[PDB]
Structures are given as C-alpha cells and as structure tokens.
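Notes follow the structure.
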Amino acid sequence: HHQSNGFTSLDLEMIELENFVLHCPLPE
Amino acid sequence: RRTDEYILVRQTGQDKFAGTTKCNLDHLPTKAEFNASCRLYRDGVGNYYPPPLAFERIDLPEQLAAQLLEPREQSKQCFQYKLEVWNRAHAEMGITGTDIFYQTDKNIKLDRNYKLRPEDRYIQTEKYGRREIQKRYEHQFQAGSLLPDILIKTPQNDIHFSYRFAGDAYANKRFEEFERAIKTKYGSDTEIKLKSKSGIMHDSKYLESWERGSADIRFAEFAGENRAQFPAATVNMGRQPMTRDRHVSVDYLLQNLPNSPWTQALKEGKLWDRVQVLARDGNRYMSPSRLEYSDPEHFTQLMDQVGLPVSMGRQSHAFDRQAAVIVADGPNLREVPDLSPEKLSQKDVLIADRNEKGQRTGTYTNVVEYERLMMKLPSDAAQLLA
Ligand SMILES: [N+]
Ligand SMILES: [N+]
Ligand SMILES: [N+]
C-alpha cells in the first residue's frame, strides 16, 4: 500500500476531508 | 508565491537541527544541498510536508481516476500523473534537488498485518526518549522521519526547533500556555507546528480547527502525558444526484478555506437550508430560524462566534429526506453506512427526531438525551444502530 502507508490513519482522514471540501460542487 | 512555501532542514548535532525558510536563504542551494536536506513544503493551511508525503498528497483528478481500469498500470499512471505536478511545482519554486525519498529500508521486514514490528517503529533520541514513526525509509533524514516534535516559525520566518521530555519545563502544563509564552517571546504572528508520527508538521491552529484540544493532546503525548464538543454549526455538502448527507463544520470551512465557494456563499447568507446550528444545551441540532426563534440570545452568540450572518434565521421554505442517524467524526457528521467497520449511549450519535404523531421534526438530538429522558429511538434509527 506504498502510496498511503507512510501516513497515519488520522493524517489520511485529514487529507480525505481537505480533498472532499476542495472539490465539492455547489448545489444547483 | 509565499516567501515561506518551503523550509530547508539540516542536521547539526546529536538530536540537533537547523532550518532556513526559503526567503532567508543567503545563497542559491545546489541540487546536492536540496537533496541532502529535509525539504518541508507548506500546504494550503500552513502544515509542512516532507517529500515522500508531499508527493503522495498530490491527489488524482476524479476523471482520471475513473478512466483507469487496469491495475498496476494503475500505479504507473498515478505516479506519472503526480511526477508531472511535482516536477512543475519544483521548477516554479526554484528547487533543483527533487528526490522524493519514498524508498523503503530493505533490511526491515514487515509483520503479517503488513506493518512495522513494534521493535522497528521507534527512533531513539540521546536525551529525549523514543519517538514512534509510521514507516522506515532508506533515507531517514530526508524523508522527514527524524525531526523534532515542535517547529516554531517566527514573524521573521526564523525557525526554532524543540523536543519535549518527561518532566520538562512544561510538564503537566497545557499547550495553550506554551503557545502564549511563544507568542510573548516572538510575536503574536508566530506559527507553531507539531509533528505527526508520519513526519508531517501540522500547524497548531489547523489541529484545533479539526478537534478542539488536539494541539494539546499532541503536545502532551511528546512528553508521555495523557489528559482528558459537537461543532457549533454544520453545512450539508452531500445530498447531490440524491447522494448521502455529509455535514461539515462551518468553523473548519471558514477558517481553513476562506475563499471556498461554499465559504463565500455562507458568508453572504446563502445555503441556509443546508445549515444546522447547535442548541445551548449542546445536544441538539436545528435550523437557524428555529434557533433564532426558540433561543434568540444563544442564536446571536453562536452566529457571531461561528462567522455566519444573522439573516439566515429569518429564512424558511414551504423532514423526511434527512438521514435517520448522523455520527460525529472529526469536524464533520456522517451517515452510519459511510463509516468504516473499525470506526463503528455513544455521545457521538445523533438521532433524527420525530414528534408525538411519528413525524420528522427536522432536528437531530444526541442518543444520551434519549436515554436520560427514557425516550425510545424511532425504528429507522434503531435498525441502523443494530
Ligand atoms: N494518500
Ligand atoms: N511514503
Ligand atoms: N506513503
């Protein structure tokens, strides 16, 4: 899993939310 | 370009380090100097990533991900995609030593869970105790797997580094006290980073926006210490297509992405039909108009503290769609089927309320209140929590 295994479980949840929130489209 | 978009770290001693911020460098470092340093890259909130992590933090576009099925060429193409972002970013920053340092230490064998054995997951300092790490890199210093606990970056962009130890000048003292003595010494615009087991140096305010008291938890832990809350307002960023609900703390959003189109719409009073605000008692979410109505004083305080305009509380349409249970998990609330099996009277669990007729009121109330008032859960809620 070499792309993610240098990260802490918490660092990955932080990143997941940052990415979610950076790319989330406004409603219609 | 930010003047502090990277920091170059060097070893100068047993457990001793020095950093220089990009704007303070007295010379143009050679590719060797770049490749021999621990290079720290500033992200969008002022966290600093060492190279193997900065590289993997490049995310793949939605479209590219979808178009890609394969596999292993999967890894190849992801790498080639991130390699071009990485290369182009290094060119713009003026960095000529662009090694990633993702290479693992091949003398080290993993346990069956494909993780480090407990005997392989510590670095020993001479004077300061051991520190746990996530991964064993062939180039440990350059990979970021050898830095101190604390990085202070003054308003002049000067770097000071620090280690905690059991019984140091701050033993059983709170992060906020350290913080106040730092800004007294250096200026109130001083940044403090606290190291993650991965090597990431997270900004202290980023950590607090994620969970209040996180900065302090991380600070204590460096010294071997241990010490003992719904978000104030939330916005639904899910319900799409219609997709699952996903409520993100407003404070998180406004602090950390002040130019997001969500943030900017919220600041103007839009998207109020996706906003939930916490009751004075801490146990219930409701619309902003409901809270304005039912407790005008708390409404005005909550909305000023969180940075929302009070106009949201005079809005209303002409609630059955919403998830039956939401669960707090960081600065966001998630539907139960969105949580991983390991994540799941929990005080993290909120129930979509129903009135005496059996109908959804639109509010969510903590399970602990259901127990205290001896109120039975609605059956939709009850089966999700089975
Ligand atoms: N990742
Ligand atoms: N890594
Ligand atoms: N990684």
Fill in: Residue mean of other protein chain beta carbons inside 10 Å, B:25-36
0
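In deg cm²/dmol, rounded to 500, what helix-only [θ] at 222 nm does chain B give when every DSSP H run of at least 4 residues adds -39500 (n - 2.57) and the total is split over its residues? All intermediate terms of the calculation are to be shown ahead of the outcome.
Values: 13 runs with 110 residues, N = 386.
Rounded to the nearest 500, it is -8000 deg cm²/dmol.
Exposure proxy check: A:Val21, B:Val325 ranked by fewest other beta carbons within 10 Å? Spell out each step's value before the answer.
Numbers: A:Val21 20, B:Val325 23.
Final ranking by Cβ density, sparse to dense: A:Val21, B:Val325.
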Discussion item. Taking the Cα centroid of the range B:349-386 and of the range B:220-237, what is the distance between the two, rounded to the nearest whole Å?
Written reply: 25
Fill in: 12 Å cut-off, amide nitrogen to a point 7 angstrom out along B:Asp120 Cα→Cβ, residues in the range B:132-170
B:135-138
Worksheet item: Once the Cβ-Cβ distance between B:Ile58 and B:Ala32 is put in as r, and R0 is 35 Å, what FRET efficiency do you end up with, to the nearest 0.05?
Response: 0.90
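Which pairs, out of B:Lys82/B:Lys135; B:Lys173/B:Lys193; B:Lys31/B:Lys127; B:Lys22/B:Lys193; B:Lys16/B:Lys195, put more than 25 Å between their alpha-carbon atoms?
Working: B:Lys82/B:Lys135 21 Å; B:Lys173/B:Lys193 18 Å; B:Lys31/B:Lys127 33 Å; B:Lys22/B:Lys193 17 Å; B:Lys16/B:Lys195 16 Å.
The answer is B:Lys31/B:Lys127.
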Worksheet item: What residues have an amide H closer than 5 Å to that of B:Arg334, excluding those fewer than 5 places away on the same chain, when H is modeled at 1.01 Å from N in the peptide plane?
Response: B:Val327, B:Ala328, B:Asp329
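Give the order of B:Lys376, B:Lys270 when sorted by the count of other beta carbons within 10 angstrom, beginning with the fewest. Intermediate values should be presented prior to the final figure.
Details: B:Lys376 9, B:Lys270 19.
By the 10 Å Cβ count, ascending, the order reads B:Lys376, B:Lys270.
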Worksheet item: Across the range B:194-211, in residue order, what do the Karplus-derived ³J(HN,Hα) couplings come to in whole Hz, using 6.51 cos²θ - 1.76 cosθ + 1.60 with θ = phi - 60° and x for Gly and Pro?
Response: 10, 5, 8, 4, 7, x, 5, 9, 7, 4, 4, 5, 3, 4, 5, 4, 6, 7
Worksheet entry | Residue-wise HN-Hα coupling along the range B:36-46, computed from phi with Karplus coefficients 6.51, -1.76, 1.60 (Hz; x: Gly, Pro) | 9, 6, 6, 8, 10, 9, 6, 8, x, 10, x
Worksheet item: For the pair A:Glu28 and B:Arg72, how long in nm is the line joining their label points, each one 7 Å along Cα→Cβ?
Response: 4.3
Worksheet item: Given R₀ = 41 Å, FRET efficiency for B:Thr96-B:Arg174 by Cβ-Cβ distance, to 0.05?
Response: 0.45
Fill in: Peptide A:18-25, shielding by other chains (average Cβ, 10 Å cutoff)
6
Worksheet item: How far apart, in nm, are two points set 7 Å out from the Cα along the Cα-to-Cβ line at B:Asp281 and at B:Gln14?
Response: 6.0
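Taking the range B:19-101, how much of its Cα-Cα pair set, in percent, is spaced more than 17 angstrom apart?
Working: 1809 of 3403 pairs.
Roughly 53 percent, once rounded to a whole number.
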Worksheet item: Using a basic spin-label model with each label point 7 Å from the Cα along Cα→Cβ, how many nm lie between B:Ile108 and B:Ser311?
Response: 5.5
Response to the item:
With the convex hull built on the alpha-carbon atoms of chain B, volume per residue in Å³ sits at 198
Practice prompt. Mind pulling up the Rg/Rh value for the range B:214-333? Radius of gyration and Kirkwood radius, both on Cα.
Written response: 1.02
Worksheet entry | Volume per residue of the C-alpha convex hull in the range B:1-228, rounded to whole Å³ | 162
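Where a number appears in this text, it was derived from the coordinates with a stated rule and is not lab data. In this analysis, Cβ positions are derived from the backbone assuming ideal geometry, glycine residues included, and neighbour counts consider all displayed protein chains.
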